[PDB]
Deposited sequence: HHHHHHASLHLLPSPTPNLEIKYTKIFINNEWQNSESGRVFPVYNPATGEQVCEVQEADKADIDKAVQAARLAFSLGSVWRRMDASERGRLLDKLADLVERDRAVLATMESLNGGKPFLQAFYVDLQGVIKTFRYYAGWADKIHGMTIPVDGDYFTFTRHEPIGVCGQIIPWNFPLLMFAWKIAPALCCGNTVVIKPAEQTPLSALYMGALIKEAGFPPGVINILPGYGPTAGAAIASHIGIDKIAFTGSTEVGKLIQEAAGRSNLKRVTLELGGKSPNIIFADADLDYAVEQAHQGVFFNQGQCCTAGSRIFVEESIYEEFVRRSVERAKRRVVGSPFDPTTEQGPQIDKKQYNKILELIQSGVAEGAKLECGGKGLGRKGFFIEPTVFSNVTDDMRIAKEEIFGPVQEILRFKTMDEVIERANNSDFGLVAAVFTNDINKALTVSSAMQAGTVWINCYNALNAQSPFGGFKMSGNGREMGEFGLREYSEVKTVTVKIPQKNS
């Protein structure tokens, strides 16, 4: 029975470089708004190219070949990750309050899902730190070769406003596990949760310069990370046309390793043989989750002709009963959207689909004054060539499409540019295997929908050393 901490103070507003709280070099300060009311919560220092340069120097130094962070036993790098989890657990009440206040997401969801995840992953990568193994290879001739997994160096990290803390956790944890020093840039709307983490990082005992958090805008602070000559690696996560400018700015600078976690459609495929009670509810929480604005989920839903009639009826009854309101209110399932820019971008696409063919089953407009609330929207009779089908909506809007054969859904769901996640609902083995295997998706869910070892391969680099031996034996 946990509840949000009243009179929440935003104590940490300064830039975190080299374990020190510093002001901005220009002196400029940007505003952070509560999306639930529109009201300004506080002000945060605005980092720029000058601020990045200080943060890279701090991270580069913290990484040199005599550093506290390099002399450290790998097992202890996990220990500082494990103690970080303790602090996130201790301050579970207040971090979720920030994530509910700043992000907009309901409080109970921030406590039971988001932070649970945040805590889980830190403990996970704490376990990995002293288990990243290389190999010994029996190459030809009188030689003996082996490999070390070693840290890349200074890692630029840019995240969005979707899951400010989870994105922070999913990017910080793997990097430190492998022995890197991090220069991170949280979203211009949601830097608060990332900023509080700075206090826990200092408290957990992370060597100075290891993690530098720089709040600010994208084309300013973020583009400075992408074009920085002293950064070894960038890891971006967000939108496609911003992602295209990242790899471009990297190739002209110092050819830093680029990793992108871009958006893209995510089709749910629901067959007739699946149980209706579970299939409807899991697909409803797979579109509307976190107000609908997440790259991990997908609004696109393909339903079989036989159960299409019943599916719509079940869906509309979940939308007419979904509680939408205050993020601090324990009854609310849905919160507000992030931006005025976002609020308007969704309505544009809703009113696109209205005049384009699809049937407005429920909702459509905004809920009312203050915040960026949109009443739950469900569309029926959606086709592939519609604007709502190609460009995915990033809000509380779900599309219900009709399908006949198994070969039909495969080619219709696969029709997407780089980036796909799949979700099948079946009790037929042969159907599930066929669909999951033919999906051109990174991740395929079967009878579920909610969002490892390969994760840390992008945060360490191979180093193959070979030695001449006097005589080789097997």
Legend entry - Gaps in the model (deposited sequence, numbered from 1): 1-11, 463-481
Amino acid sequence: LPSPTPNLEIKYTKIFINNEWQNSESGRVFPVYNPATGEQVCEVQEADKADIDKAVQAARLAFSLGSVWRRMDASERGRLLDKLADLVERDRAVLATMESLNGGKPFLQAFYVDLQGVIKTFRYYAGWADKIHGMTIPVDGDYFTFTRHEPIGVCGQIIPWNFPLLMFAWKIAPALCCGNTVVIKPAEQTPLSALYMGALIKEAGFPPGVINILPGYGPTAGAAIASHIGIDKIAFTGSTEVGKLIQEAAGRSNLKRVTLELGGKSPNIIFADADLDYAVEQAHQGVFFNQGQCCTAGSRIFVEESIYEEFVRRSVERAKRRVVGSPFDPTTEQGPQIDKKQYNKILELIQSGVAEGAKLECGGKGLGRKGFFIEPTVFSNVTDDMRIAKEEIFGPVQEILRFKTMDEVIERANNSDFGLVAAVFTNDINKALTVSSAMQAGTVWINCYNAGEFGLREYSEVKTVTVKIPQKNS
From here on, numbers count along this sequence of modelled residues.
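What we label the rigid core is the largest C-alpha set whose atoms superpose within 1.5 Å from one form to the other.
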Legend entry - Which of 155-163 and 367-375 lies farther from this form in 6 other deposited structures of this protein, as RMS of C-alpha positions after a rigid core fit: 367-375
Inset, instruction - Any chance you could tell me whether 284-292 or 258-266 drifts more in 6 other deposited structures of this protein, judged by RMS CA distance from this form after superposing on the core? - result: 258-266
Inset, instruction - Identify the stretch, either 316-324 or 148-156, whose C-alpha atoms have the larger mean B-factor according to the entry. - result: 316-324
Inset, instruction - May I ask you to compare 292-300 and 367-375 by their mean CA B factor in the entry and name the higher one? - result: 292-300
Inset, instruction - Determine which member of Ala96, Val88, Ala199, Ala358 has the highest CA B-factor, using the values in the deposited entry. - result: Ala358
Inset, instruction - Return the residue from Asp277, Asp142, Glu188, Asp82 that has the highest Cα B-factor in the entry. - result: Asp277
Inset, instruction - Ordered by C-alpha B-factor within the chain, which third holds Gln440? Give me lowest, middle or highest, please. - result: lowest
Legend entry - CA B-factor ranking of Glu76, expressed as a third of its chain: lowest
Inset, instruction - Looking at the entry's B-factor column for C-alpha atoms only, identify whether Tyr125 ranks in the lowest, middle or highest third of its chain. - result: lowest
Inset, instruction - Quick one: classify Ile137 as lowest, middle or highest third of the chain based on its Cα B-factor. - result: lowest
Legend entry - Within-chain third of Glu399 by Cα B-factor, per the entry: middle
